[PDB]
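What follows is a set of notes on a single structure, which appears directly below.
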Amino acid sequence: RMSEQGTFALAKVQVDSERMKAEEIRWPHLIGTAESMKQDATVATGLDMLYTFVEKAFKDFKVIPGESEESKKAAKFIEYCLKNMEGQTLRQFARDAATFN
Amino acid sequence: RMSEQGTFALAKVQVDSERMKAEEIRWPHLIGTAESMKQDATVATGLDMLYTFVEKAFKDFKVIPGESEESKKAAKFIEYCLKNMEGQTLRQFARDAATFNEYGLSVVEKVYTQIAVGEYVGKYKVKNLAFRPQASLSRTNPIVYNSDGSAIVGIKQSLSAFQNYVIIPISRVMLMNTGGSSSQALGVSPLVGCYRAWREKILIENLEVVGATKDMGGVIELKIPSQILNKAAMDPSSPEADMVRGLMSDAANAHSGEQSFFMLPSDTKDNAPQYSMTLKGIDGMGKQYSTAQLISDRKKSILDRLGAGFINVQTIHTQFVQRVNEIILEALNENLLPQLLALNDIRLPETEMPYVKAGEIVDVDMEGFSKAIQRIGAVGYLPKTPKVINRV
Amino acid sequence: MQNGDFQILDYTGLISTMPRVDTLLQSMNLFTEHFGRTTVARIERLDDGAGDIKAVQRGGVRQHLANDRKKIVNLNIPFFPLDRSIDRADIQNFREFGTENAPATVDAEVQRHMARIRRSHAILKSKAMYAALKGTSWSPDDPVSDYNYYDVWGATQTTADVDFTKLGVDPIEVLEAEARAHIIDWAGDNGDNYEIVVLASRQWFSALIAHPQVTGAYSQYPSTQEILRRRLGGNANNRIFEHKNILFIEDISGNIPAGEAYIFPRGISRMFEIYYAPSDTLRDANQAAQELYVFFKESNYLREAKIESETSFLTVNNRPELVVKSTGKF
Amino acid sequence: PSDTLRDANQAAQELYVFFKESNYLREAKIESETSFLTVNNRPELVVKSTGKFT
C-alpha cells in the first residue's frame with residue numbers, strides 16, 4: 001500500500017561505523033588527522049592532481065537547453081546567474097565542493 | 001500431472017551451509033567481518049573499482065518500447081517514473097543494490113504514491129526504492145519461510161532499527177543475491193573464500209614490520225671490567241661514577257661524522273683483553289622465507305575473486321561488471337515494471353512490454369566507429385533514419 | 001578389501017533386511033482427516049424419534065407429545081516426540097560398510113535416521129487405527145486421554161460368538177442373525193443394504209475356509225472364485241474371500257488377537273475420524289496442523305548434528321454400537 | 001556504548017534494542033539497554049524558591 005514500513009536508520013548506521021574505526025579517525029579527530037596527513041609529499045601530490053582536473057572540467061561549463069522556446073530563455077538566464085555570482089566562480093566552488101575527498 | 005511432488009528445501013540448504021563455514025563468517029557475524037575487512041587497502045580497492053563501472057552503466061539508462069502505439073506511451077511514463085523519485089536516483093539505487101557483493105544479499109522495498117499536479121495527474125509513481133541495510137536486519141532469522149522449507153513469506157527487520165541516539169511481506173520486497181543457486185536465500189558473499197587468504201596476508205605484513213625494527217646488525221657493544229661498574233654503583237661521587245655517566249651519554253650519540261673515532265685502554269689480564277669494542281653481526285645465516293613473495297601471492301589470491309587482479313601488473317574485469325548489471329536489471333524489469341503498470345491498469349501482451357536497458361561501460365572508439373560507418377555506408381546497408389544521425 | 005596383513009580379498013555385495021510394515025487399514029481409506037488448530041474438539045449429537053398413540057374417548061381428554069434429546073462431549077489430544085543426535089566418534093574411523101575404502105559420511109547416517117523415524121511414525125499411525133477400531137484411544141503411558149468410547153458415549157459390546165468345531169452347523173447362520181440384525185436395528189438413520197466387512201486373524205480365517213459347509217457349497221459346479229483350485233485373493237499376501245454377500249479379510253499384521261474377528265459395516269457417515277493438532281513451535285503454534293514435522297540442525301561449532309521429529313493426533317470412533325467382537329472356539 | 005562486544009569502545013547510541021530467536025522455533029527474547037548521564041554544567045543559574053503558605 002501507500003505507507004512506509006521502516007526507517008533508513010541514519011542514526012544507527014553512523015553509531016556502528018564510529019566504533020569500527022581506530023580512534024584517531026573518528027569525527028571530532030579526523031579534522032586534525034587530515035591536516036597532519038597532507039604534509040606527506042605523496043599524500044599532497046595525490047590530492048593536488050585530483051583538483052587539477054576538477055577545476056579544468058568546471059571551467060568551460062555549458063548549459064544544454066530543451067526543444068521548446070521557453071527552455072531556451074530559461075537556459076540563458078541560468079548561464080547569467082551561474083557566471084555572475086558576486087565574488088565567486090564555479091572553479092572556486094568546484095575546488096571547495098571537492099573537499100569531500 | 002499438474003501437481004508438485006517435492007520442495008525446494010530452502011530451510012535445509014541453508015542449515016547445511018552455515019555448518020560448513022568457519023564460525024567468523026556465519027550470518028550474524030559476517031556483518032561485522034565485512035566491515036573489519038574493507039580497511040585492507042587491497043580489499044577496498046577491489047570493491048571501489050567494481051562500483052565505479054556499475055554506477056556508470058546505470059547513469060545513461062534507456063527504456064526500449066515495443067512496436068504498437070500503446071507500448072510507446074507506456075515507455076514514456078516508465079521513464080518519467082524512474083527519473084522522478086523524490087530524493088532518489090538510479091545511480092544511488094544501483095550503488096545500494098550492488099552491496100550483495102559484500103553480504104550475498106540486498107533488500108529494497110517499493111513504495112508507491114499518487115500524483116497531485118503534473119503531466120500524469122491521477123497515476124501512481126514510485127516514491128522511493130527504500131534500501132534496507134543488511135546491518136539493520138534481524139540477527140536471528142532474517143528470512144522467514146513457510147511451515148515447510150518450500151518458499152519465502154517475508155523478511156524480518158530488527159526492532160532496534162527504529163531508535164535514535166517487524167516482518168515486511170515478500171510481495172513488497174525486491175531480493176537480489178549472488179554466488180548461490182535459487183535455493184540459497186542468503187547468497188555466498190565473494191569475500192567467502194578470500195577470508196583464509198586475508199587472515200594470512202595480514203599476519204605476514206605484521207612480521208615484516210617487527211622484523212625490520214629488530215634487525216640490530218652492526219650495533220655497538222662495549223666491554224668494561226666489572227670493578228669500574230661496581231664502584232660507580234656504590235660510590236656516586238667517585239671518579240668511576242663520572243666516567244660511567246659520560247659513557248652512557250657518549251655511546252648514545254656515537255654516529256659517523258667528521259670526528260668519529262674510538263680510544264680504549266689496551267690492558268690485558270688473560271687470553272681475552274680487558275677493554276674491547278666490536279660491532280655485532282648475525283653469527284650464521286639470516287632469514288630464508290622471503291616474506292615479500294608470500295604477500296604478493298595472497299594479494300593476487302584476493303583480487304582474483306573480484307575480477308580486479310590485473311592491477312598487480314573485452315577483459316575479465318568488464319565481463320565481471322556485466323554480471324552485477326544483469327542481476328539488478330532482472331529485478332527492475334520483472335518485479336517493478338509489471339507491478340507499476342498494473343496499478344495504472346496498463347495491461348499489454350508479452351511482446352509489447354517495454355524494458356529498461358543499461359548503459360555501456362566501455363567508451364566508444366572514435367577512430368574505430370568513424371571508419372566502421374564508412375565501410376557499411378559506402379555499400380548502402382545503413383538505413384537513413386534520425387536514429388543513425390543522432391549517434392554523432 | 002584387505003585380508004590378513006600380507007593378503008587381499010574381493011568384496012562382493014551388501015545384504016539388507018527390515019521387518020514388514022502393514023498398510024491395509026491405510027489402503028481401505030476408512031478414516032477421514034481433519035486438521036484443527038487447538039488441542040480440544042467438540043462433537044454434537046441430536047437423537048430424535050417417535051412414540052405410540054393410545055385410543056381415547058371422543059370429546060374428552062387429549063394426548064400430548066414428549067420432547068427431544070441432546071448431548072455434548074469434549075476430548076483432548078496426546079503428543080509424540082522423537083529425537084536423536086550424532087557425535088564425532090560415530091564416524092571418526094569407521095569404514096562406510098559399503099564400498100571397500102569409502103570413509104563414513106554424516107549424510108548416510110542422517111538418511112538412516114530419517115528412514116528409521118519415518119518407519120516408526122508409520123508404525124505408530126498404523127497401531128492407532130487398530131486401537132481406535134477396538135473402541136478405545138491409543139495413548140500408552142498417558143492416562144490424560146485413555147478415552148473408552150463405549151463408556152464415553154454409553155454403549156455395550158456385542159459378541160456374536162461362533163463355534164467352528166460343529167461341522168454340521170454353518171457358522172454364517174450365527175453371524176448373519178446376530179451381527180446383521182444388530183447393525184440394521186442400530187444404523188440410526190433410514191438406510192438400506194449396508195455393506196458388511198470382517199477383519200479376521202489368521203487362525204480364524206484359515207479355520208473358516210476349512211469348514212465342510214463352505215467347501216461343499218462351491219465343489220459340485222464351477223461358479224466363480226474357485227476356492228479349491230485357486231488361491232483366495234490371488235498371489236497377494238493378504239487373502240480375500242467373499243461369501244454370502246460378505247467380505248472377509250485376513251489380518252497379516254497380527255494386531256488382532258488370534259482367533260478373534262471384528263465385524264463392522266461400511267458406508268455409515270462419520271463413523272471414523274482422525275484429528276491433527278499443531279506442534280510445540282512458534283512457527284506452527286495456533287496454525288493449521290500437518291501430518292508430520294521433521295527438523296534437522298547442524299551445529300555451528302562443527303562438533304554436533306541433531307535430528308528432531310514430532311507429531312500429535314487423535315483417532316476417534318463415533319459409534320461403538322456397530323463393532324462386534326467375533327470370537328471363535330476350536 | 002552498550003556492553004555488547006560489537007561496540008566496546010566504538011561509539012554510542014541513544015537506545016539499543018535487540019530481538020532474538022532460538023533458531024529452533026521454540027523460544028524468543030527481547031533486549032534493551034541504555035547508558036547516559038544528565039549534567040547541569042553551570043550550577044550557578046538555578047535558584048531555589050521555597051514558599052510559606054498560610
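A few points about this structure:
- Filtered residues of region B:207-243 (kept if within 60 Å of the chain's Cα centre (by Cα) and in a loop (DSSP other than H, G, I, E, B)): B:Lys214, B:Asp215, B:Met216, B:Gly217, B:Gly218, B:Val219, B:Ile224
- Scan of region C:168-188 for residues that are over 16 Å from C:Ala155 (Cα atoms) and in contact with a strand residue (DSSP E or B) (Cβ under 8 Å, 6 or more places away or on another chain), ordered by number: C:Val169, C:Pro171, C:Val174, C:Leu175, C:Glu178, C:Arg180
- In this structure, C:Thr281 qualifies as in contact with a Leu (Cβ under 8 Å, 6 or more places away or on another chain) and within 13 Å of chain B (Cβ to nearest Cβ).
- Count of region B:340-392 residues which are at negative phi and part of a loop (DSSP other than H, G, I, E, B): 25
- Inside region B:134-153, residues that are away from chain D (no Cβ under 12 Å) and small (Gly, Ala, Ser) make up a count of 2.
- Within region B:109-127, the residues that satisfy the criterion of being within 30 Å of B:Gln184 (Cα to Cα) and more than 8 Å from every other protein chain (Cβ to nearest Cβ) are B:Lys110, B:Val126.
- One residue stands out in region B:159-179 among those that are away from chain D (no Cβ under 14 Å) and touching a helix residue (DSSP H, G or I) at 6+ places or on another chain (Cβ under 8 Å): the one that is surrounded by the most Cβ atoms within 10 Å (Cβ to Cβ), namely B:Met176.
- The lone exception for A:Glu55 - which of (1) farther than 30 Å from B:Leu137 by Cα; (2) within 8 Å of another protein chain (Cβ to nearest Cβ); (3) of a type outside the set (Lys, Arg) it fails: (2)
- D:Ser35 within 14 Å of another protein chain (Cβ to nearest Cβ), loosely packed, with under 13 Cβ neighbours inside 10 Å, under 11 Å from the mean Cα position of the chain (by Cα) and among the polar types (S, T, N, Q): yes
- When region C:284-309 is filtered for residues that are within 9 Å of chain B (Cβ to nearest Cβ), surrounded by 14 or more Cβ atoms within 10 Å (Cβ to Cβ) and hydroxyl-bearing (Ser, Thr, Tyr), only C:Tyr293 remains.
- Residues in region D:1-21 that are within 26 Å of B:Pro142 (Cβ to Cβ), facing another protein chain (nearest Cβ under 8 Å) and assigned to a loop (DSSP other than H, G, I, E, B): D:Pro1, D:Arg6, D:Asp7, D:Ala8, D:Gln10, D:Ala11, D:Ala12, D:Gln13, D:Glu14, D:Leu15.
- Residue within region C:140-154 that is of a type in the set (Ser, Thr, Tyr), in a loop (DSSP other than H, G, I, E, B) and in contact with a strand residue (DSSP E or B) (Cβ under 7 Å, 6 or more places away or on another chain) present: yes
- Every residue from region B:77-113 that is assigned to a loop (DSSP other than H, G, I, E, B) and either hydrophobic (A, V, I, L, M, F, W, C) or surrounded by 19 or more Cβ atoms within 10 Å (Cβ to Cβ) (or both): B:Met85, B:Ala98, B:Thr99, B:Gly104
- Residue within region B:74-96 that is within 13 Å of chain A (Cβ to nearest Cβ) and under 20 Å from B:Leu30 (Cα atoms) present: yes
- B:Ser3 outside any strand (DSSP E or B), among the polar types (S, T, N, Q), more than 13 Å from chain C (Cβ to nearest Cβ) and farther than 30 Å from B:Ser296 by Cα: yes
- Close pairs from region C:147-170: first farther than 13 Å from C:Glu321 by Cα, partner part of a loop (DSSP other than H, G, I, E, B) and hydroxyl-bearing (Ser, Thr, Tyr), Cβ under 7 Å, at least 6 apart: C:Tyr147/C:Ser137
- Hits in region A:54-76 (condition: assigned to a loop (DSSP other than H, G, I, E, B) and loosely packed, with under 11 Cβ neighbours inside 10 Å): A:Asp60, A:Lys62, A:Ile64, A:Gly66, A:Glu67, A:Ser68
- Cβ-Cβ contacts under 6 Å between residues 6 or more apart (or on different chains), taken from a first residue in region A:14-29 that is more than 7 Å from chain D (Cβ to nearest Cβ) and more than 13 Å from B:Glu35 (Cβ to Cβ) to a second residue that is surrounded by 11 or more Cβ atoms within 10 Å (Cβ to Cβ) and not hydroxyl-bearing (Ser, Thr, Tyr), are listed as A:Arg26/A:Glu18.
- Counting the residues of region C:310-330 that are assigned to a strand (DSSP E or B) and either under 30 Å from C:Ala261 (Cβ atoms) or more than 14 Å from chain B (Cβ to nearest Cβ) (or both) gives 11.
- Residue that is nearest to the chain's Cα centre (by Cα), among those in region B:273-291 that are of a type outside the set (S, T, N, Q) and surrounded by 10 or more Cβ atoms within 10 Å (Cβ to Cβ): B:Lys287
- Just one of the listed residues (D:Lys29, D:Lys48) is over 19 Å from B:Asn141 (Cβ atoms) and more than 14 Å from chain A (Cβ to nearest Cβ), and it is D:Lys48.
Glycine also receives a Cβ, built like all others from the backbone with ideal geometry; neighbour counts cover every protein chain displayed. Values in this text are rule-based calculations from the coordinates and carry no lab data.
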